[PDB]
Each structure stands twice: as C-alpha cells, then as structure tokens.
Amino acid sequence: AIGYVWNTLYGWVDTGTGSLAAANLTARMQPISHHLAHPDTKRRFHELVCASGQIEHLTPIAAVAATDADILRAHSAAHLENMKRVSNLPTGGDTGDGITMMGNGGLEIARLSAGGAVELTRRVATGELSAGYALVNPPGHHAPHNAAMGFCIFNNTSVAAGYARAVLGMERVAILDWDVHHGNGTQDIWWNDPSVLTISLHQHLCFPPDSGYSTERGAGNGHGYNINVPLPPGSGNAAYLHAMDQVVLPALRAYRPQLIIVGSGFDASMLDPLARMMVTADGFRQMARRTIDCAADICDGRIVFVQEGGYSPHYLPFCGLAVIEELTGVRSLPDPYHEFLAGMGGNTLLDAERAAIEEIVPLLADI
C-alpha cells in the first residue's frame, strides 16, 4: 500500500502577478500570468499521476491541517504567530523575503501542506502504508526555525520528522533533500540535534546565497548530523548517482534511521529554469529506486516522499511520475523527452563532479 496526498488547495496557492519578486512598474518588471513558482507545475504532476493510471495503484490519503502543536515541533512560536498575522491581513501579502507571499487565509494551505506530510508519515509509521508520496504545496525546506523563506511557509519535512520523533517515539529520523537548492531551513531546525540526520544535495550557491557549504556540519550533539553535498552547475545523472552511492546511501546505512523522509524536488531536472543541473526522469527514477531499496534494508521500508521545488510545467510531471512508478512498481509510461534530453550530456562523471563528492566522503566517519 502506497499512500498519496494531493489536496485541491495545493493548486490554489496565490503566487501573485510577478515573476519571482512582485511585478514592479518602476523596475519595469512587467506583470505575468505564471510566476516561476506557479502551482500549475505541481498540479500537472498530480494530473499526470491520475491520467497515467498510477492513481489506481495508489491509496489516496486526505491531508489534515497541521495544528499549532505540530508546527511548534519545528518552528518558533513567534514564526507561527507571524504567519497567522500575515494570513490575517486583508489581502495577506509577502511574508518576509520579498518572494514568499501568502493570500488572506493562505495559512489554511500552509497547514494542509505540512499536515499532508504529517498524515502520510503517521500512516506509514503505523504499518497501514508501506510508503507514500505527499504532493504538497507550498514547499518547505528553506523555512528555518524562526522564518518563512524562498516560497516556504513551514518546513513540511521537519514538521513530519518532529511528529515522528515526539508523537511516534522514533529515536532517529533522516531527511534526504534532493531539491536542487540548499535545504537551509531543515539544516537550521535540526542543527544541534543528532536525532534528525539532515542531508542536502544541491547546486553549490544556487539558493540561498552563501549557504550549503560542506563545512556546515551541525553543532554540539548535532555535530556530524548535517551533511551538505554542494555540486557544480551542469551536474547530471552521473554526478547525482555517484553522490547517492558514495555519500547518501552510506550515510543512511551508518545512521540507521527508523524513517527516511525525502524532500523530493525536481528542480535539478535538465529543463528547469531555477538551476543549471542535468538530471533526467531516469535519473530521478534511479535516485528514488536506490533510496526506497535502502529503506527496505534498514528501516522496514518506511519512506515518505514530500514534494519540494521544481519549475518546469513541461518536464516536472514526468520526473515526478518516475518516482511514483518506483513506489508502485507499475511502469505505465515512457518519458517522452528521453531521446531529446539523452544526447545533451550529464551521464558522464566529470572530474570536478567526482572531486566535489569526494570532499564529503570523510564526513561519514563522524556518523
């Protein structure tokens, strides 16, 4: 049984009329119908999950709104208070960083996004489900303990991991983040805490700026329980699967989590506007396959995927479908872009890629 979360409101997130920041007449940033983060991209993924027939192999799980208690396991009372505040504004608005906006009442959606991750986590932990994918929106991994950031209101995977820790009594949880941007929020939240191993693969210094260096290793009892794998622009399937094999999977096996949560972004894809990486649907397929197999070996198959970023409405649905197919074991459709993308490269491990990953291998000794 493979759980699947999609709530209609995930597709109703109001991304304004700007491209990234708001439209601005003095800067001459013309308004546009689809912001970079427009919910249509993730909606097209959900619709492909249905139209492909994958939905018939999935167990639909209703999102439940994350409570104040749930949120406070990951975030400060002050941040919760502040998002209540901004969502209660007549029109809502931007939440701090000049991208991240919410509508009036957009808190409802941020709760359903975090609660989607929590609900799926709860039901995978009870053994009701073997695994699942929570196709949530808004995303989570940039939101640190005390803020919203980079389209993220609450850190969904951290709320889920906080729930697994405090409510389910798990001693150890791993969050593996392969969204192409650094999971700075997740890293912040669990920084001093060895009970949640936080791992991020990302294009080096893509977003946020000055974040995600491999020197950022946690502090105190948490020292050695945060691992960044910054990769160079242009890295493709070869670099990513090498990072999986040399760093990620050895880290998980060393750490022995009771649950693996994957912050599953597809912005590392070959066609994404918001990074310069070259991963194809087959790359994501292999990443998902390896991680699922790892969970089968070390924590009774307990794996929960939770949607992060990804900005190609064209190609993201096929990258996400590939992950879903690895969960169901039913392989319904080809990637129709495969022939087109396969000639572009990324499938050879370049020296600079190899070297970036090798810098990380020594950190495994501290788990």
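Whichever C-alpha set is largest while still superposing within 1.5 Å between the two forms counts as the rigid core. The first residue of the shown sequence is 1; numbering continues from there.
- Relative to the displayed structure, the C-alphas of 95-103 lie farther away on average in 7 other deposited structures of this protein than those of the other candidate, with 117-125 and 95-103 compared after rigid core superposition.
- Once the structures in 7 other deposited structures of this protein are superposed via the core, the pair 74-82 and 266-274 is resolved in favour of 74-82 as the more displaced stretch (C-alpha RMS).
- For the pair 270-278 and 119-127, the record assigns the higher mean C-alpha temperature factor to 119-127.
- Relative to its counterpart among 334-342 and 28-36, 334-342 has the higher mean temperature factor, C-alpha atoms as listed in the PDB entry.
- Comparing the C-alpha B-factors of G185, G283, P90, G234 in the entry, the top value falls on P90.
- Comparing the C-alpha B-factors of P138, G132, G265, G98 in the entry, the top value falls on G98.
- Looking at the C-alpha B-factors along this chain, the one for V5 belongs to the lowest third.
- Among the modelled residues of the chain, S312 sits in the lowest third by CA temperature factor in this PDB entry.
- Annotation for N228: CA B-factor lies in the middle third of the chain's modelled residues.
- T41: CA B factor in the lowest third of modelled residues in this chain (values from the PDB entry).
- Sort the modelled residues of the chain by CA B factor and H142 lands in the middle third.
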